[PDB]
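Sequence lines, in order, name chains A and A'. A prime marks a further copy of an entry chain. So for the first sequence, the deposited numbering puts the first residue at 5; every next one is plus one. So for the second sequence, the deposited numbering puts the first residue at 5; every next one is plus one. Beta carbons: idealized from backbone N, C-alpha and C, even for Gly.
Protein chains: 2
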Amino acid sequence: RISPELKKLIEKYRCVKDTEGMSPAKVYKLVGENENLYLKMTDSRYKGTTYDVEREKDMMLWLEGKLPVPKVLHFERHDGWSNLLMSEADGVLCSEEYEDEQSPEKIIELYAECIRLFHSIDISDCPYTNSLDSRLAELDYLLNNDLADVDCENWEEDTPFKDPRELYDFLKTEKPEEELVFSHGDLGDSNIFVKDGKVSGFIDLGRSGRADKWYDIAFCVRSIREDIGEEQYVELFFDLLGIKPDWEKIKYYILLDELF
Amino acid sequence: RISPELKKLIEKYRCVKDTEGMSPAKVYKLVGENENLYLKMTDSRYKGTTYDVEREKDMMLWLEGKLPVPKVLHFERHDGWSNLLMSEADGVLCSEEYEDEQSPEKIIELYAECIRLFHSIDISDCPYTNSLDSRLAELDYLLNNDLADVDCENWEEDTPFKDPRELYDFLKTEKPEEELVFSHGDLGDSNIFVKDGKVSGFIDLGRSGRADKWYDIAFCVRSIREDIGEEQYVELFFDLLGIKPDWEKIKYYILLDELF
Numbered sequence: 005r006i007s008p009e010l011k012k013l014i015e016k017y018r019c020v021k022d023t024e025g026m027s028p029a030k031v032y033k034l035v036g037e038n039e040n041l042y043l044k045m046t047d048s049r050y051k052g053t054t055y056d057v058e059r060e061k062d063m064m065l066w067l068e069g070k071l072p073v074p075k076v077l078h079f080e081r082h083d084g085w086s087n088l089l090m091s092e093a094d095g096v097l098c099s100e101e102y103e104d105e106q107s108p109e110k111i112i113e114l115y116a117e118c119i120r121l122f123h124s125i126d127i128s129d130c131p132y133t134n135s136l137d138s139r140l141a142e143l144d145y146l147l148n149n150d151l152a153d154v155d156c157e158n159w160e161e162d163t164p165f166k167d168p169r170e171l172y173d174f175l176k177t178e179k180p181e182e183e184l185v186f187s188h189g190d191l192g193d194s195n196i197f198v199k200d201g202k203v204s205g206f207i208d209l210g211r212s213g214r215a216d217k218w219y220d221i222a223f224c225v226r227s228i229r230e231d232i233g234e235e236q237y238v239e240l241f242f243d244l245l246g247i248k249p250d251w252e253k254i255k256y257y258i259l260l261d262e263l264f
Numbered sequence: 005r006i007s008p009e010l011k012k013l014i015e016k017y018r019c020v021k022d023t024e025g026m027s028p029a030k031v032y033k034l035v036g037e038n039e040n041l042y043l044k045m046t047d048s049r050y051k052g053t054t055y056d057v058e059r060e061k062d063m064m065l066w067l068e069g070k071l072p073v074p075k076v077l078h079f080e081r082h083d084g085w086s087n088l089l090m091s092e093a094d095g096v097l098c099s100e101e102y103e104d105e106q107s108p109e110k111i112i113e114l115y116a117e118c119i120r121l122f123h124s125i126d127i128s129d130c131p132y133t134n135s136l137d138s139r140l141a142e143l144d145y146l147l148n149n150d151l152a153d154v155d156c157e158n159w160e161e162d163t164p165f166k167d168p169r170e171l172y173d174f175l176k177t178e179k180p181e182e183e184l185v186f187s188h189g190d191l192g193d194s195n196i197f198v199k200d201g202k203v204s205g206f207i208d209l210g211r212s213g214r215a216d217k218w219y220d221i222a223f224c225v226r227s228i229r230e231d232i233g234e235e236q237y238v239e240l241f242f243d244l245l246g247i248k249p250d251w252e253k254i255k256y257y258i259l260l261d262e263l264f
C-alpha cells in the first residue's frame, strides 16, 4: 500500500475516505485537529495516463507560483503505486453557492477569470501535452483493458452508439483543429476554490497540460447548464470572454468526457 | 452491475463518482439540470453487515415521517448487488461552516438538537439493533476475510496493538453496558443537513438502529475536537444535553470506529 515512513505519518491524522472531486484514484482526507491533508493513490495499471497521480504531482510542482495550487509534501512509488500527499486547498470550495436564486452572475465571472488565467500561463516548457491524438491513444488503451465505465454510459443517451469503440471511432474521425493553451483538463465547479470573490485554489490536476482552448470552455458551459438552467448566462460568459462559440468543438469535448 | 431498467434511467442524468460522505459502497451522484439523484451500490460480500445498502434502504423507509431523510426511488438486487437510488438531501450540508472564527456555538446546538431528536424516536419496532455483540460479531467477520483497512490503521497511534485482532479482543473484553436508543451509527458533520439553523436532513444511514446512547455522543465530541480545538464547547454540548460525560464509554466508541 504505502511505505512504512508514510504509514507512520498519516496515522497521526484521522484519515477518511474520499469526499471531494476524485475518480479512479483512492483518496484519503487526513483530519487533524489543527489542519487537513490529502493522500491520493493510483497503482500501475493507470501508469502514464492522465489518471496516474505521478503526472498530477509533476503538474502540481510545475504550476508553482503561477496558479494557486496546494503544496506537495510527499510522493513515492511503493509496490507499484504512485502516492501523493499534499496539503489542503486555499479557501472555500466553489461548489457551495448556487442552490439559491439571486447569485448566478458572480459564478460566470469566476469561470471567466479562471479561463483567462490559463491563457496567461506560459505553456512553453510545459511538462505535458493533452492533445487529442494523445488522449485518443490513452482512451484506446483503457478500452483495450476494460479500464472504463460499463456502469453509467452517458453516450447511450446523447449519441446512437452502443459500445464505446464506436463513439471512439466516431471521435477519431471528427477530431477537430487544435490551438494549444493551458488546460485544467477536468474543470468542475468542485475543483475551483474561492476566497473573497477571487479564484484562490485549484485541484484534480492530472489532466493538466497543453490542450485546445475550447476544452476548458466546454466544461464551463456544462456547469452553467446544470447549476443554472438559464441559457442566457452562457452568452454572458461568452460575452465576458469576448469570443464566439465554436459550438461544434464544444460539443466535441463534451462527448469525449463521457468515455472517461 | 445494474438492471437494464435502472441503467436506462440513470443515463438521463450526468452521473459522477462519489463526492460526499461515503465509504465502501460505490456511489454515483446523478446531475440533472433540474435536480439531483444518488445511486449507491454494495455487492454481496458485505451482505447483512451495516455496509450492505439494503440495510440502509430498510432503515431509510422506516424512518419516514420521523427524521428528515431523502426519499427511496428504486432498490434492486442485481447480479449479487444491492443498489439504492434515492433523491437528494434537504437543504445545506452542515460541513461547510466552521473554517472561520465567530461561529462554533451554533454548531454545538445542532449536535444537541440532533441528539435529542434520536432520543425521541420510538425504537420499539425498530428494524435493526446495532448492539455491541452485534457489531463485534460483524467486525470479526470482516477481519476474517481481510475486508478491513490495512491502509490507515488509526489504532496504531492511539493504542499499543499491532494487528486488529488484538484491538478486537481488547474491545470484546472492555465491552461496556448498553442502554438502547436510536443511533445514527455514523454521525459526521457531513451527514447532517441544515436549513435555517434547524436540522433538516440526514444521510449515510446503514448503521442506523438501536444502540447504546453514548455511541452518537462520542461522534459529536470527535467533530467538536477537530472542527474547533477549544475543549470548552465540549462542556457546552454536555451542558445543553444536561448529561454527565461517561468518559470511559466515549473513548470506547471512538476506538471501535477505527477498525471500520
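| Where does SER107(A') land, buried or exposed, given buried means 16+ other C-beta within 10 angstroms? | Within the second sequence, residue 107(A') is the residue found at index 103, counting from 1. Answer is exposed; the Cβ neighbour count stays below 16.
| request: Starting from the C-beta of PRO168(A'), find all residues in its chain whose C-beta is less than 7 Å away, skip the five residues before and the five after it, and write them out in chain order. | output: Indexing the second sequence from 1 puts residue 168(A') at position 164. Cβ neighbours of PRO168(A') beyond the five flanking positions: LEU147, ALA152 and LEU263.
| Taking all protein chains shown into account, do 16 or more other C-beta atoms lie within 10 angstroms of the C-beta of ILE247(A'), making it buried, or fewer, making it exposed? | Working through the second sequence from its first residue, we reach residue 247(A') at position 243. Around the Cβ of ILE247(A'), a 10 Å sphere holds fewer than 16 other Cβ atoms; the residue is exposed.
| query | Would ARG81(A) count as contacting chain A' if we go by Cβ distances under 8 Å? | reply | The residue given as residue 81(A) occupies position 77 in the first sequence. For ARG81(A), the answer is no, since every Cβ of chain A' falls outside 8 Å of its Cβ.
| said: Here's the rule I'm using: 16 or more other beta-carbon atoms within 10 Å means buried, otherwise exposed. How should residue 1(A') be labelled? | reply: The question about residue 1(A') has no answer here: the residues shown for chain A' are numbered 5 through 264.
| request: In the DSSP assignment, find the unbroken beta strand (DSSP E) run with residue 2(A) in it and report its ends. | output: Here chain A covers residues 5 to 264 and nothing more, so residue 2(A) does not appear.
| field | Inter-residue Cα distance where the pair is residue 271(A') and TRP159(A') | value | As displayed, chain A' neither begins before 5 nor continues past 264, which places residue 271(A') out of reach and without an answer.
| request: Kindly list the residues whose CB is nearer than 7 Å to the CB of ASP193(A'), restricted to its own chain and excluding five residues on each side of it in sequence; keep chain order. | output: If you number the second sequence from 1, residue 193(A') lands on position 189. Beyond the five residues adjoining it in sequence on each side, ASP193(A') comes within less than 7 Å, by CB distance, of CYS98, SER99, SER227 and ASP231 in the same chain, given in chain order.
| said: Just verifying my parser: in three-state terms, what is the DSSP assignment at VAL57(A')? | reply: For the purposes of this step, residue 57(A') is taken as the residue at position 53 of the second sequence. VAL57(A') carries a helical assignment under DSSP once its states are collapsed to helix, strand and coil.
| message | List, from N- to C-terminal side, the beta strand (DSSP E) runs of 3 residues or more that fit wholly inside the region 136-193 of chain A'. | response | Complete beta strand (DSSP E) runs here, min 3: 184-187.
| query | Does the beta carbon of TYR55(A') sit closer than 8 Å to a beta carbon anywhere in chain A? | reply | Looking up residue 55(A') in the second sequence gives position 51. Cβ-Cβ to chain A under 8 Å: no for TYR55(A').
| request: Could you pull out every residue in the same chain whose Cβ sits closer than 6 Å to the Cβ of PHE242(A), ignoring the five residues on either side in sequence? | output: Taking the first sequence and counting its residues from 1, the one referred to as residue 242(A) is at position 238. Sequence-distant Cβ neighbours of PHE242(A) in its own chain, meaning closer than 6 Å and more than five residues away, are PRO249.
| At a Cβ cut of 9 Å, what residues of the region 21-34 of chain A count as close to chain A', listed as they run along the chain? | So the list reads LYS21, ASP22, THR23, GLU24, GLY25, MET26, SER27, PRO28, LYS30, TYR32 and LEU34, given in the order they occur along the chain.
| task | Would you mind reading off the limits of the alpha helix (DSSP H) that contains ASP231(A')? | result | As a position in the second sequence, residue 231(A') is number 227, starting the count at 1. Per DSSP, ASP231(A') belongs to the alpha helix (DSSP H) from 218-231.
| said: At the level of alpha carbons, what is the spacing between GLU235(A') and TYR102(A')? | reply: If you number the second sequence from 1, residue 235(A') lands on position 231. If you number the second sequence from 1, residue 102(A') lands on position 98. The alpha-carbon atoms of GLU235(A') and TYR102(A') are separated by roughly 15 Å.
| task | For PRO180(A'), count neighbouring C-beta atoms within 10 Å of its own C-beta (all shown protein chains included) and say buried if the count is 16 or more, exposed if not. | result | Position 176 of the second sequence, counted from the start, is the residue given in the question as residue 180(A'). Classification for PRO180(A'): exposed.
| query | Residues bridged to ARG81(A') by DSSP? | reply | The residue labelled residue 81(A') in the question sits at position 77 within the second sequence. In DSSP, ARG81(A') forms a bridge with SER86(A').
| query | From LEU10(A') to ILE125(A'), what does the alpha carbon distance come to, in whole angstroms? | reply | Along the second sequence, one-based indexing puts residue 10(A') at 6. Along the second sequence, one-based indexing puts residue 125(A') at 121. Their Cα atoms are separated by approximately 33 Å.
| query | What does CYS156(A) reach in chain A' if we use C-beta pairs closer than 7 Å? | reply | Against the first sequence, residue 156(A) aligns to sequence position 152. In chain order: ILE14, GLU15, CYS19 and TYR32.
| Name the chain A residues whose beta carbon is nearer than 9 Å to that of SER212(A')? | Stepping through the second sequence from its first residue, residue 212(A') is reached at position 208. Going along chain A, no residue has its Cβ under 9 Å from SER212(A'), so there is no contact; the nearest lies around 19 Å.
| Helix, strand or coil at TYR32(A') according to DSSP, with G and I counted as helix | Within the second sequence, the letter at position 28 stands for residue 32(A'). In the structure shown, the three-state DSSP call for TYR32(A') is strand.
| request: Using the Cα positions of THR46(A') and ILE6(A'), report the straight-line distance between them to the nearest angstrom. | output: Residue mapping note: residue 46(A') aligns to position 42 of the second sequence, counting from 1. Residue mapping note: residue 6(A') aligns to position 2 of the second sequence, counting from 1. The alpha-carbon atoms of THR46(A') and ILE6(A') are separated by roughly 11 Å.
| task | Report the partner residues of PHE197(A') according to the DSSP bridge assignment. | result | As a position in the second sequence, residue 197(A') is number 193, starting the count at 1. DSSP output for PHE197(A') lists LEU97(A') and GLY205(A') as bridge partner(s).
| query | Do you know whose CA, among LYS12(A'), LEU88(A'), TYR42(A') and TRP218(A'), lies nearest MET63(A')'s CA? | reply | Walking along the second sequence from the start, residue 63(A') turns up at place 59. Ranking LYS12(A'), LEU88(A'), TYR42(A') and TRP218(A') by Cα distance to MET63(A') puts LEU88(A') first.
| Which residues in the same chain have their Cβ closer than 7 Å to the Cβ of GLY95(A'), if we skip the five residues on either side of it in sequence? | Numbered from its first residue, the second sequence carries residue 95(A') at position 91. Only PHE197, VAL198, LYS199, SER204 and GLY205 meet the Cβ criterion.
| message | Can you pull the chain A neighbours of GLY233(A'), defined as C-beta to C-beta under 8 Å? | response | Position 229 of the second sequence, counted from the first residue, corresponds to residue 233(A'). By Cβ distance, chain A contributes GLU37 and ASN38.
| request: Have a look at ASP104(A) and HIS82(A) and give me their C-alpha separation to the nearest angstrom. | output: The sequence position of residue 104(A) within the first sequence is 100, counting from 1. The sequence position of residue 82(A) within the first sequence is 78, counting from 1. If you take the alpha carbons of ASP104(A) and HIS82(A), they lie about 46 Å apart.
| request: Tell me, please, whether the CB atom of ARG229(A') is closer than 8 Å to any CB atom in chain A? | output: Along the second sequence, read from residue 1 onward, the residue named residue 229(A') stands at position 225. At least one chain A Cβ lies under 8 Å of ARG229(A').
| Hey, how far is the Cα of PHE223(A') from the Cα of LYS70(A')? | For this step, residue 223(A') is matched to residue 219 along the second sequence. For this step, residue 70(A') is matched to residue 66 along the second sequence. Taking the straight line joining both Cα atoms gives about 21 Å.
| said: Distance check for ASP144(A) and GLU183(A), CA to CA, integer angstroms please. | reply: If you number the first sequence from 1, residue 183(A) lands on position 179. If you number the first sequence from 1, residue 144(A) lands on position 140. When only Cα atoms are considered, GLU183(A) and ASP144(A) end up about 23 Å apart.
| query | List, in order along the chain, the chain A residues whose C-beta lies closer than 7 Å to that of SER194(A')? | reply | One-based indexing of the second sequence puts residue 194(A') at position 190. Here the neighbours are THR23.
| query | Taking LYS16(A) as the reference, which of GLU39(A), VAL31(A), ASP208(A) and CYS130(A) has the closest Cα? | reply | Within the first sequence, numbered from 1, the residue matching residue 16(A) stands at position 12. Among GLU39(A), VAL31(A), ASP208(A) and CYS130(A), the Cα nearest to that of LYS16(A) is on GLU39(A).
| Taking Cβ to Cβ, would you say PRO74(A) is nearer than 8 Å to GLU92(A)? | Start at 1 with the first residue of the first sequence, and residue 74(A) comes out as number 70. Start at 1 with the first residue of the first sequence, and residue 92(A) comes out as number 88. Result yes, Cβ atoms of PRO74(A) and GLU92(A) sit closer than 8 Å.
| How would you call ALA141(A), buried or exposed, if buried means at least 16 neighbouring beta carbons within 10 angstroms? | In the first sequence, residue 141(A) corresponds to position 137, counting from 1. Exposed.
| task | Between the Cα of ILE14(A') and those of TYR50(A'), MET90(A') and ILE221(A'), spot the shortest distance and give me the residue it belongs to. | result | In the second sequence, counting from the first residue as 1, residue 14(A') sits at position 10. If we check each option's Cα against that of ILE14(A'), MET90(A') comes out closest.
| Where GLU178(A) meets chain A', residues with beta-carbon distance less than 8 Å | For the purposes of this step, residue 178(A) is taken as residue 174 along the first sequence, with counting starting at 1. When 8 Å is used as the limit between beta carbons, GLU178(A) is near no residue of chain A', the shortest such separation being about 22 Å.
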